[PDB]
Amino acid sequence: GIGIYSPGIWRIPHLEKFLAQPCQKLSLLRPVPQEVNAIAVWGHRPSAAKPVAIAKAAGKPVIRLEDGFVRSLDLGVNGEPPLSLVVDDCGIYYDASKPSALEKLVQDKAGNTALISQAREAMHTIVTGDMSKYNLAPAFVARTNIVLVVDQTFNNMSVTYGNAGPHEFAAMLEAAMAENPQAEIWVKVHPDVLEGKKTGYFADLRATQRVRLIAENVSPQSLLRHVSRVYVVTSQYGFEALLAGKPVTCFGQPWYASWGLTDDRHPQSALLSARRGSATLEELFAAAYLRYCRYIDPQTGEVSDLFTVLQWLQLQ
Ligand SMILES: Nc1ccn([C@@H]2O[C@H](COP(=O)(O)O)[C@@H](O)[C@H]2O)c(=O)n1
Ligand SMILES: O=C(O)[C@@]1(O)C[C@@H](O)[C@@H](O)[C@@H]([C@H](O)CO)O1
Ligand SMILES: [Cl-]
């Protein structure tokens, strides 16, 4: 029932197990069939624009896909298939300009309360089992007052649609340095940049004695254990820091900002917080990791759950 134009999407292994619905390939060169009840695209990739306009003009709704928050062993830039996808029938999680399906799941508190025991169980497995979106980095080993500043991939869609850009990165690091005069500043490069497939926002940062550059691929939770507080623009690292029990200052508008849990600096923070309301950490985790994300079994490709994928990711 769902039409897909993107060959890249069409090509995702076990895609049909993620969508839980029949899917069919559509061509831009002919009308959308009436049978199609929705059109699915990848986030806001440039390829999504033409299918979005088509769907609008035929009155069909758009579904936006993206990788899950526990995705795979190696990076997507290296061609590793995903073990989790998100499926968003309202917007997409990283677009702060309007509600996403994730935002409405967070606000459905009753539905998150029903999952609190699974959420606590999975949260513990992630923090003490040292898990993250990617899971091939080795644990970190090595002053005690450390401020973590998180770099990202240049022009990533979670920055642009989270109302940020190069300025918020410069402002983030100047704020980190100025608000913690005696702390040591640690700038973590994104693994895609370390893989040489992307560039960072601090490409031309000059390191000092107080500003140390961490250009090593290390697992988030292990590095977080040595940090006092975290500064982000929009990175998923920010939510993982909250799971580690660390304070988080946000300079863009990611999916986990403006719920009452983060020190939000974006100029439109008050507007977004008014729309979102309040939420607990466990509500956010249940909504995002258990309800918004879908999983497949890594050995069979059949529909699965977070716990099965966490288990299979942990022995490697
Ligand atoms: N500076 C950074 C930024 C991201 N990452 C990794 O990349 C994942 C995704 O983060 P992004 O939203 O920044 O793409 C994180 O969960 C984390 O595993 C990292 O290890 N160091
Ligand atoms: O259409 C896509 O977006 C694509 O083919 C390219 C990348 O998004 C890449 O992540 C790929 C993965 O197979 C999905 O994670 O999907
Ligand atoms: Cl369980």
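Counting starts at 1 for both ligands and their atoms, in listed order. Hydrogens, waters and symmetry mates are skipped; everything else that's a heavy atom, side chains included, is used. Quick note: residue numbers are just sequence positions, from 1.
Remark: distances from the non-hydrogen atoms of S6 to ligand 2 include one below 4.0 Å. For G76, the closest heavy-atom approach to ligand 2 does not fall below 4.0 Å.
Checked against a 6.0 Å centroid threshold, the rings of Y256 and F69 do not count as neighbours.
Ring pair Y161/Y94 is tilted by interplanar angle, where 30° to 60° counts as tilted. Using cut-offs of 30° and 60° for the angle between ring planes, the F239 and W255 rings count as tilted.
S219 and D130 share a donor-acceptor pair across their side chains, judged by distance under 3.5 Å alone. In summary, the side chains of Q268 and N163 do not present any donor paired with an acceptor at a separation below 3.5 Å, with no hydrogens or angles considered. Remark: the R45 side chain and the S47 side chain contain an N/O donor-acceptor pair separated by less than 3.5 Å. In summary, the side chains of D305 and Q118 do not present any donor paired with an acceptor at a separation below 3.5 Å, with no hydrogens or angles considered.
Contact annotation for atom 2 (C) of ligand 2: protein present (non-hydrogen atoms, distance under 4.0 Å). Distance remark: protein heavy atom not present below 4.0 angstrom from atom 9 (C) of ligand 2. Within the 4.0 angstrom cut-off, atom 14 (C) of ligand 2 has one or more protein heavy-atom neighbours.
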Pairs under 3.5 angstrom, nitrogen or oxygen on both sides, ligand 1 versus protein: list them out, please.
residue, atom, partner, partner atom, Å
ligand 1, 1 (N), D151, O, 3.0
ligand 1, 1 (N), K188, O, 2.8
ligand 1, 12 (O), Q236, N, 2.9
ligand 1, 13 (O), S235, OG, 2.6
ligand 1, 14 (O), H190, NE2, 3.0
ligand 1, 16 (O), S132, OG, 3.0
ligand 1, 16 (O), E240, OE1, 2.5
ligand 1, 16 (O), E240, OE2, 3.3
ligand 1, 18 (O), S132, OG, 2.6
ligand 1, 20 (O), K188, NZ, 3.2
ligand 1, 21 (N), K188, NZ, 3.0

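The residue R11 has no part lying near ligand 2, judged by heavy-atom distances below 4.0 Å.
With distances taken over non-hydrogen atoms, the option nearest atom 12 (C) of ligand 2 out of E66, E80, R71 is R71.
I39 and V36 make their closest contact through CD1-CG1, 4.0 Å (heavy atoms, listed as atom of the first residue, atom of the second, distance).
Sparse packing is recorded around CD of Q182, with 12 or fewer heavy atoms of other residues, nucleotides or ligands lying under 6.0 Å away.
Annotation for ligand 2: atoms under 4.0 Å from non-hydrogen atoms of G8 are 1 (O), 5 (O).
Of the possible polar contacts, none joining the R225 side chain to the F140 backbone as a donor-acceptor pair under 3.5 Å is found.
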